[PDB]
Structure formats: C-alpha cells, structure tokens
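Chemist: One structure, as structure tokens, below. Some questions next.
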Amino acid sequence: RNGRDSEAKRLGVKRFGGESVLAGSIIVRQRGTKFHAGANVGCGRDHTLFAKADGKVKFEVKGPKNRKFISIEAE
Amino acid sequence: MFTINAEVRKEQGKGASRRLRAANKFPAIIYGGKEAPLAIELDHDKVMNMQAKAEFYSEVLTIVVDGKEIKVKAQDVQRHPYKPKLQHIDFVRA
Amino acid sequence: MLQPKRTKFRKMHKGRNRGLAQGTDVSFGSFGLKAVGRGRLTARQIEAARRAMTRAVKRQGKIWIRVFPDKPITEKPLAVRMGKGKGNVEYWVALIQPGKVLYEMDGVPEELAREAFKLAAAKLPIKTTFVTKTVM
Amino acid sequence: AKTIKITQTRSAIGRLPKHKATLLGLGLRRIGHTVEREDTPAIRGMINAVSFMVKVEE
Amino acid sequence: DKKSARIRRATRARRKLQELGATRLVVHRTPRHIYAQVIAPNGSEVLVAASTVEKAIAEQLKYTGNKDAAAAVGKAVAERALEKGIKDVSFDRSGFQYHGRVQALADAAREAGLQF
RNA sequence: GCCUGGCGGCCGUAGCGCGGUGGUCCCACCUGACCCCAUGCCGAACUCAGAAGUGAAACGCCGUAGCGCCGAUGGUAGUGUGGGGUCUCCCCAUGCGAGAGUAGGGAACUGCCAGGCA
RNA sequence: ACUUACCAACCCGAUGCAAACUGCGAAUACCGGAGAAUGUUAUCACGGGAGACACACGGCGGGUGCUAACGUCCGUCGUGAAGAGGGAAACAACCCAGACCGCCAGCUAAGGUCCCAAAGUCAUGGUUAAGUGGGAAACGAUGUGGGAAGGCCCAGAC
RNA sequence: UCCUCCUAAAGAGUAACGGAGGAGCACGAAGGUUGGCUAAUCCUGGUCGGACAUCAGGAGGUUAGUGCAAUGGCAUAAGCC
RNA sequence: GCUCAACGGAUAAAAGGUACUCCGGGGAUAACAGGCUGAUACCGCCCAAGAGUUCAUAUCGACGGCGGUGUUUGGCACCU
C-alpha cells in the first residue's frame, strides 16, 4: 500500500553569507518565502531568490514579523 | 539554625562537578541581593541528613564560607533522579 | 488495559530509550513507586500492577497511574518471512527511563504503601524503588 | 620565536582523515619523529587536534 | 480603525518605492489641512515640506482643506523642490484615493515642474 | 524646553489589561451633500463643501507589573575527539554547552521635518 | 415544572508522550573569506589505457526484525578485500602496527612477567574464599569489608 | 512514471516488498493590472426559522481561505470583491 | 498523431505445457542435513489474587514477571 516518494528537489541555500555573487546567481532555491527578498535580490516565480546585482550575500532579520531578508551589498 | 560549612569552587563545568560528586560533595550557588553570585561546594552527607528535616526549606540557613557567614535560604534543589542524593542547591540570600 | 483512544498514525518507529526521566517528583499523591531500571512497560503490566495495588490497600486510598502507554509495538506472525511490510500492532508500551514515578498513592499509611508497592513492583519488568513526597 | 618541538607517539593507521591531514600539517611522518615548529595558536590548534598521538615539549 | 486601514492601504506602494529607491512625495490629507513632504530614498530624512499649517500658505487661502488649498500646497512643494535641485520624484498618495484634493495637489505639482 | 502631526530606524525590556488626563493650535469625532466622486441597498465607507459642538469614542500622554516579553550565575541534558565498562545503555579525560527554571529586569529608546505654546 | 450515588464539553491549575508536533535549540558537519606553518601539486582541466558496478565485518546514527541472527537495508568512519608482523589459546574483518634487502645489535606499542613460554613467584595498602576469578537474570539470604545517621541503654537496655 | 511528508544522522543527497498520502488535470477567467476589503467559530437580540440558511451587535484572532494531496508559504496578502 | 503506464519507450504486430525433456551455469539461490538466532516450543523459577470446610504456598495456582535448553514450528541464507 506504500512504497512511493518523489524525487528530491535540491532546495536550500546555494550561496551563504558573505559569499560573493554575480548578478543572476540563485541564492536560495526554496518553497514558500521562508527567506524574503531584500535589497538587490529578486524573487522568482517559484520563490527562488536570485542576485539582481553583484556583491556579497547578506542574511538579515527585519521588520515587525521578524522575517529573514536577504540583501546584497554592492561589492 | 543550620550552619553549613562550605568552600569556594575554583573549578566549574560538568567535568569538575561530576569529579566533585564522586568525592562525596556537591556544588551549590549563593545568588540574590546585589552581590555577585558565589559558587560554593558543600559536603554531601551533612546537607542530606540536614534536609531530611522540613525546617531546611523554610528557616533561614547560615553558610560559613572562608570564615564568613551568609544568611541564605534554600531556593531550589536539583536532586539525583533515582538515588537519594543531591545534585545542586540554589541558595537565595536573606 | 490502557491505550490511546485515537491515534494519528498506527505504526511508530522503534527509536531508542536514552537519558533520564521527566516525571521525577511525587506530584499528585504522597507516596510513589519510582523506576530505577530502564525498560519499557506494556499495558498489561500496568494493569496487573494496578490491580495488585488496588487489592492491596483496599478500596480506600487514591492511586495515580503517572505513565501511559501510547506507543504501538508491532509483531510479525509465526512462519512469515522477513520483509513484505511492517508487522501488526499487537500491544502498547510506555517507554520508561530511570527516574519515572510510575505510580502514586495517597490516603494510606506509609506501611501499606510499602506493602502495595512491593506487591505491585513484582508484576513489572524494571527495578523499582519507593519514594515519598519531598517538599522542594 | 619560541619553536615548540613536537613528536609523534602513536601510529596513524586507523585514524580519521582529518587527523592524518593534521599530522601532515605538522609534518610528522612516522612514530618518534621529532619536528620543531613555531609556537603560534594555529600550530597549537593542530597539536590540540591530535593531542592523543603527539607528545609536545617546550 | 480608519487610520490603520489607511496605513495598510499605503503599505504596498510605500515598500515598493523603498524597494526601487526613489525620492517620494508623501501627501497627507486631513479634514482641514493637506500636508506634503519630499522624502529622501533612505526614507528617514525629509528634504522639502509644505502644508496648509504654514502661515506663508495659509494666509493667502480662504479655507485650508479644500482643492484650492491643496493646489497651493502642490505649487509650493514643486517650487521649493526645484529650488533644492530635486527634479524627479515618485508620488506616494499614502493610502488616499488619487481623486480629490490629492489629485489637485499632484496636478499642481506637475504643472509647476516636478517630474512624475 | 513642553505638546501635536507626518515619514523612518527598531521589532514585545517596545504588546496587552486596569486607572487618570488633553484640546489655543494639531488630531479625531463632527456639520451638510445639489455639485467632483461613491454605495452589488445606504454620503456607513469613499469623496466634496465646511466649523457650529464635544473630547464621549478614537488617538496621544502620564501612572499602575495582573499577564505577555527579556533574562543571568550555577547545575543538568546533549555532543566533537581519545579511552573504558557490567556495553539495546553508560562512564572517564578533554573541547563546546543548551532548553526549561531561578534571582532579577521590565510598562521602551531614537532620527529628520513641520506647526502650536513658553 | 420537581429530584438525582452517573458521565462530561469549554476554561483554569498541576503531570507525562510524539518519525510524519515546535512559541526553543546545541555539538558536529557544510559553504564562503583572511592568515601562518607543513605537504614530492597533494588541486583543477584536457587527452591515452583501464578495471569495477556480488562486497564483508567492526564503532557511531538509524529503518526493518523480537533493540533476534555471522539477519537485512541505509548514512559515516576504520579494517579486510588488496596488508604481512605482535597480541586476543587457535580466530579475514577486533587491539597494536603498516614488511625494499641484510645483521646470533638496541628501545618500545598492544599485551604481558610462577612453569609450559621471553620477562616481577616485585614493593606498599586493601578486598574475596566462592577456585569467585575462569558463563547466565528476576528474586532470596544474620556471608563479609567500608560510610553516614537513628531508637533504646549501667534511674540497668537486647 | 510523476508530486508531498517522515526515515534522512540541523547544507545537498541517501536504501528496503519501510511508514503515510496524492497526480495522469482544471481555468479565457480561477490569467494581467488597477482600486478596495478581511476570516473560522462562539455568545446575545431578532417574523416564519429549526442545532445550523438571512439581519444586527459583541467576543475572537486567521483555529479561516488558498480549483484538487501534503509540506513550505501568504495580511504589503499568495485569501475575498 | 502513443495508459509506447513494464512510463530512457526491444517489434507496426505475440499466450501456454513439459514427470518425455535437454544444455550452460549457481551453493550468487530453494528443498534435506549442519551453522547463527530463540519469536515460538519445552523445562525451571519470582509475586501471590484465589480454590483447597478453616488455611495462599499438602496439591493447584489467575493477572503479571525472570531465565534455561537447543528437543518443535520458524527466521536468516554462512557450508555443500
């Protein structure tokens, strides 16, 4: 009655904090907005967060709900 | 009315505490008031026979450490889970 | 026999039984039958021991069973190979660690609590001890 | 310029790959191989990592 | 709550303009005043502000808090903003409908040269 | 300096609840609606033209810890490496070291601009 | 409409449990940056030739099984495979240790020192008398060494 | 064959005839944008009207909703008009 | 334009019997026997509610608990 599972989707954080990125680089492939988009970060259609400018990855905690933003410092 | 002779713990952490309980003692601390907390080691048997009384948890105790006297009250005791012995005692100053 | 009225999943993994217990003081009553050995306790052993206690200190007193089974143990039948699924839920155990007060009792003298707890600790698989209600 | 002297005292056979890498970091090759290194907290951390199999002397 | 409903109407365009990083002209309509202030892209510091509570604007008006007053304020913010080198802003209507006297204020700011 | 309004930082030591107080200006309720605009009915909301009246509600400020919230020290749990036993579980040396709880803290702090009063 | 040894929602106080619970949350691991020493470039890319795709046990984390199997299925590390030598009597996989060759030379590891059989029938202080050591539990018992207390007691206790 | 959770050892991946569930579509609006709005449930009052159809008020807080499983998301709504 | 769904799809198009059987292989893998294990089985013990006119333990011993053996039914697939 069992014996099935899907293929593993390889989500998670692809570039960590302080890690230098190019523009276009995917930072967190994820499933809802567990991590939100910050400065110079875009959120794709499947809530993939990608580097919209070059620089360094900056994980932060902002706002009244303590959300986890991801900025990019210009570098 | 209870006088509990103590020493000062020069060592702490789980290694030093478990070494200290195999030597038939147990650690304790005196905090409260405005002073710094005071890490204290206590003889085990005296305090165990002493706490068998009810007045140990109600009356003001006196702890003699380095020849001083600190009038404390027994705040909260960690006991060993399945043996009749003590892990640790919090004493609030009084 | 004790068993949860309605689970959420029928079969549980084995898992392990490590570390010390949480229910450690005699909370509700005045005298307590506290575990020392590790082990696990089926619902039949809890019922057997409770009948030994309830008989022993007659219908006076008040007895609290502080542990509850809520863990299903599956067995495979006889002359069945390995594989071909997980077994079937046969009974229900509680996992015990050193420190659990398994039972409590109040409203008797201490000497009857000694007597009922001796009578009932011989129906359990774990080494057990007698404790009293200590005040802080 | 303190130059602590480090000696390998046990075999490195059944060891973790991290500890064999650390003994290669220290430059120790066989049992009873006295090798002198500077006394910096990086070297000290290497001696700490494999302290069960290096006798250090200063 | 009326004020809280207004703020949650404002919030989307506010956070979008903080995301783009544009200097915003925040309006604020009250039953007897209108307020208008130009705020830097960091959001903290203002640059230019005019409103009907200023007696430089209020003395030349019949009633503070109608469309003529709001047109006066829009003209004032556009003039002061052009005097301080600010040319191209983005209009933050701040939760009000772009209809009445916020439309009068913003049209008046567009006539007098402020680019949005 | 005190008060009020706007936009932010910060995101519960910042929120709740109980009690007191404020309206010269500001704000809020308010007054009216044929017009701009609006209601799947209704100027309730939105909007417009105003300012008689009240700070009742709202909002701000000041108190108050009943609660939420923060939170040591110590000990406990766990655990990396090496070793040991009576080895489904633990112990030793050593490095890291919680969660819960306790003492306690606690009814925020602050930047820019604008207006009123002294 | 009048009575009631019965059960009981919600709420509050107290107590536990959870792989598919989390208002908390390590160690470790992983990714990234800088720095020193060490390492026969150990790294990456491209090209020639492969072999291999039956694994085994042992530690640690687990699923399954009966926390059965020298069981089965994973993760990770070690060894065997493909690794001799010394030890565990004998014993792939356990402990020590990695054999280029030679030597009737020394020092050691695990493990040991009465004889087979190399080396203490060594020194000091205890313990057990069961050949325990040199299989095996619940439970039973004036075996015996140690420790802290307690009841009665030479107005005489046991 | 494909999707979701757990196993899975706090990056990724990870097996078994391990434990549990789903898909083989729907939609021209259920897509785009602009403007607006905020749930479940319970209590009280109220014609037929009832435990539960509408109305009004209060408590409550997203326990709701998300075209269809489960997980992660969602108030700036990704929910509703 | 494919439930080519055995979903990396052998063909556009395909079911069975063999004790009349045959060949290459395999202890990679079953039946017997051994081995490991001991759920089960057998034997023993612990608690004692009770039966035994009274009286738990002459004799039985419920609810439960702990072992031993390798005598059953099994599990695994190490030898062949």
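Protein chains in written order, with our numbering: chain C, 1178 to 1252; chain Z, 3 to 96; chain A, 757 to 892; chain W, 349 to 406; chain P, 15 to 130.
Where is the CB? At the ideal position from N, CA and C, for every residue including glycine.
Leaving out five residues before and five after residue 767(A) in sequence, what residues of the same chain have Cβ atoms less than 7 angstroms from its Cβ?
Modeler: Excluding sequence neighbours, residue 767(A) sits near 828, 830, 842 and 845.
Chemist: Taking all protein chains shown into account, do 16 or more other C-beta atoms lie within 10 angstroms of the C-beta of residue 836(A), making it buried, or fewer, making it exposed?
Modeler: Its Cβ having fewer than 16 others within 10 Å, residue 836(A) is exposed.
Chemist: Is DSSP giving residue 66(P) helix, strand or coil here?
Modeler: Residue state, collapsed to three classes: coil.
Chemist: For residue 37(P) and residue 69(P), I'd like the C-alpha separation in whole angstroms.
Modeler: Answer to the nearest angstrom: the Cα atoms are 26 angstroms apart.
Chemist: Starting from residue 36(P) and walking both ways along the beta strand (DSSP E), at which residues does that stretch end?
Modeler: Where residue 36(P) is concerned, there is no enclosing beta strand (DSSP E), given that its DSSP letter is neither H nor E.
Chemist: What distance in whole Å lies between the Cβ atoms of residue 793(A) and residue 883(A), which are believed to be in contact at a cut-off of 8 angstroms?
Modeler: The pair is a contact, with the Cβ atoms about 4 angstroms apart (cut-off 8 angstroms).
Chemist: Ordered along the chain, which non-local residues of its own chain (more than five positions away) have a Cβ less than 6 angstroms from that of residue 1197(C)?
Modeler: If we look at residue 1197(C) and ignore the five residues flanking it on each side, its Cβ neighbours are 1233.
Chemist: Applying a beta-carbon distance threshold of less than 8 angstroms, which residues of chain Z neighbour residue 901(A)?
Modeler: Since the displayed chain A opens at 757 and closes at 892, residue 901(A) lies outside it and no answer follows.
Chemist: Compute the Euclidean distance between the alpha carbons of residue 781(A) and residue 70(Z), then round it to the nearest angstrom.
Modeler: C-alpha separation (whole angstroms): 34 angstroms.
Chemist: What's the gap between the Cα of residue 1189(C) and the Cα of residue 1203(C)?
Modeler: So the two alpha carbons sit approximately 10 angstroms from each other.
Chemist: For residue 765(A), count neighbouring Cβ atoms within 10 angstroms of its own Cβ and tell me buried if that reaches 16, exposed if not.
Modeler: Exposed is the call here.
Chemist: Would residue 49(Z) pass as an interface residue toward chain A - the criterion being a Cβ-Cβ separation below 8 angstroms?
Modeler: False, the Cβ-Cβ gap to chain A never drops below 8 angstroms.
Chemist: Can you tell me where the beta strand (DSSP E) with residue 111(P) in it begins and where it stops?
Modeler: First-last for residue 111(P): undefined, no H or E at that position.
Chemist: Per DSSP, what kind of secondary structure is residue 365(W) in: helix, strand or coil?
Modeler: In this structure, residue 365(W) counts as helix in the three-state DSSP scheme.
Chemist: Am I right that residue 889(A) and residue 808(A) are in contact with their C-beta atoms under 8 angstroms? What's the rounded C-beta distance?
Modeler: That pair is no contact at about 22 angstroms.
Chemist: In the stretch 21–56 of chain P, which residue ranges form an unbroken alpha helix (DSSP H) of at least 4 residues, counting only runs that do not cross its ends?
Modeler: Entirely contained in the stretch 21–56 of chain P, not one alpha helix (DSSP H) run reaches 4 residues.
Chemist: So what's residue 384(W) in DSSP terms, helix, strand or just coil?
Modeler: It is a strand residue.
Chemist: Grouping DSSP H, G and I as helix and E and B as strand, with all else coil, what is residue 810(A)?
Modeler: Helix.
Chemist: Counting only the same chain and skipping the five closest in sequence on each side, list residues whose C-beta sits under 8 angstroms from that of residue 706(A).
Modeler: As displayed, chain A neither begins before 757 nor continues past 892, which places residue 706(A) out of reach and without an answer.
Chemist: Within 10 angstroms of the Cβ of residue 377(W), are there 16 or more other Cβ atoms? Answer buried if so, exposed if not.
Modeler: Residue 377(W) comes out exposed.
Chemist: Give the range of the beta strand (DSSP E) segment to which residue 828(A) is assigned.
Modeler: Unbroken beta strand (DSSP E) run through residue 828(A): 828–831.
Chemist: Flag residue 83(Z) as yes if its beta-carbon sits less than 8 angstroms from any beta-carbon of chain A, otherwise no.
Modeler: Judged by the 8 angstroms Cβ criterion, residue 83(Z) is in contact with chain A.
Chemist: Take residue 373(W) and list the residues in its own chain whose beta-carbon comes closer than 7 angstroms to its own, dropping the five residues that flank it on each side.
Modeler: Only 394 meet the Cβ criterion.
Chemist: Using a C-beta to C-beta distance shorter than 9 angstroms, which residues of chain A count as neighbours of residue 123(Z)?
Modeler: Residue 123(Z) cannot be examined here, being either before or after the span of chain Z that is shown, 3 to 96.
Chemist: Here's the rule I'm using: 16 or more other beta-carbon atoms within 10 Å means buried, otherwise exposed. How should residue 1213(C) be labelled?
Modeler: Buried, because 16 or more other Cβ atoms sit within 10 Å of the Cβ of residue 1213(C).
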